[PDB]
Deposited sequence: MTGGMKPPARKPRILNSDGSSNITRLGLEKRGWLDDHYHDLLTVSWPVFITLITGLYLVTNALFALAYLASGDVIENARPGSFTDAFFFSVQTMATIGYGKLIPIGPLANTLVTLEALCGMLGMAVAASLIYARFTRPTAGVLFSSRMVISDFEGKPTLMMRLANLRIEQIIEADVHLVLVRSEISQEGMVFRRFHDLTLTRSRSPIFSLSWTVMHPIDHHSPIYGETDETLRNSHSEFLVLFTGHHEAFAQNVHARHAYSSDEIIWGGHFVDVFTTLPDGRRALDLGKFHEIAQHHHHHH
């Protein structure tokens, strides 16, 4: 059983300990649930105002007296500011409620618009993670590697990547805890990430996986968490992406196949079909 999902999530059941977190909930519900809630408020509030018009007499011209249907659509046409002409307020009481309803609709529209904007303008990084990792020799040291690819043409600037080892360990006192280890990389910052980025961790005497083998990583239930962050030119916003690997997904001795190929014309090309391809010696 893996403690981190492939997408970077945690696979832990939350035991624990309708308006205490209203701003969060309105942003995280699905769009159908969101559109439903907005429609609800839109109707409930109109009904309320419709009842406020009947509670002061027949103050709506060309409206069947005491008819809720005719009063509702007058509220609709008032809150929306359509103002057809047939239905119109008469009497100082109705005109004051109209004044209030218009204010209430503007304030509610601004809140709904704020939430729509906040939900809609959530960019995705468009970054692809290698399905596996590898441990092969690079510059004379065994090196843990994975790689990233930009699925869009627009570039990502000040791109950062963080490679975390997650394994169970035993302290000097004998306490069995789960520790996170920041793994030093040859390059943790790519100022302009455009195409493909091979991320490397030299396994030297300082590495927390020095001397480890395929077996020891399983016994410690080792996992590898990857976080990517950058500023996407397409959106002019920051983006991020997360991924996680299990020890079973490290191909020892593997080499990532070059995704850069030379066309017959001499043009340098990027073939992402080889992105997950790994060469093994037998």
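If you line the structure up with the deposited chain, the stretches without a C-alpha atom are 1-11, 29-32, 298-301.
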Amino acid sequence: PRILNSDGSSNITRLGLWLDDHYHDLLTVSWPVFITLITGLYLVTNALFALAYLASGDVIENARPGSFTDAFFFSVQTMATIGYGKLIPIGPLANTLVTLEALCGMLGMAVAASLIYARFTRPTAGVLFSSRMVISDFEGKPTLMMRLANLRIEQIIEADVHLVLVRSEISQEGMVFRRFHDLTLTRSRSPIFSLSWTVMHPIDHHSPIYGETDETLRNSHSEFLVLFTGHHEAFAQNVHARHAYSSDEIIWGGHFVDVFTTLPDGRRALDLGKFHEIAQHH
From here on, numbers count along this sequence of modelled residues.
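In this entry, 77-85 shows the higher mean Cα temperature factor of the pair 189-197 and 77-85. Across the two stretches, 66-74 and 219-227, the PDB entry reports the greater mean Cα temperature factor for 66-74. The PDB entry gives the largest Cα B-factor of the residues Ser246, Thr45, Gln237, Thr28 to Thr45.
When the Cα B-factors of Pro92, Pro208, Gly105, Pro142 are read from the PDB record, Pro92 comes out highest.
Sorting the modelled residues of the chain by their CA temperature factor places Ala241 in the lowest third. In the deposited entry, the Cα temperature factor of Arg268 places it in the highest third of its chain's modelled residues.
Per-chain ranking of the deposited C-alpha B factor places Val257 in the lowest third. In the PDB entry, a CA B factor belonging to the middle third of its chain's modelled residues is recorded for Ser168. In this PDB entry, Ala159 carries a Cα temperature factor that places it within the lowest third of its chain's modelled residues.
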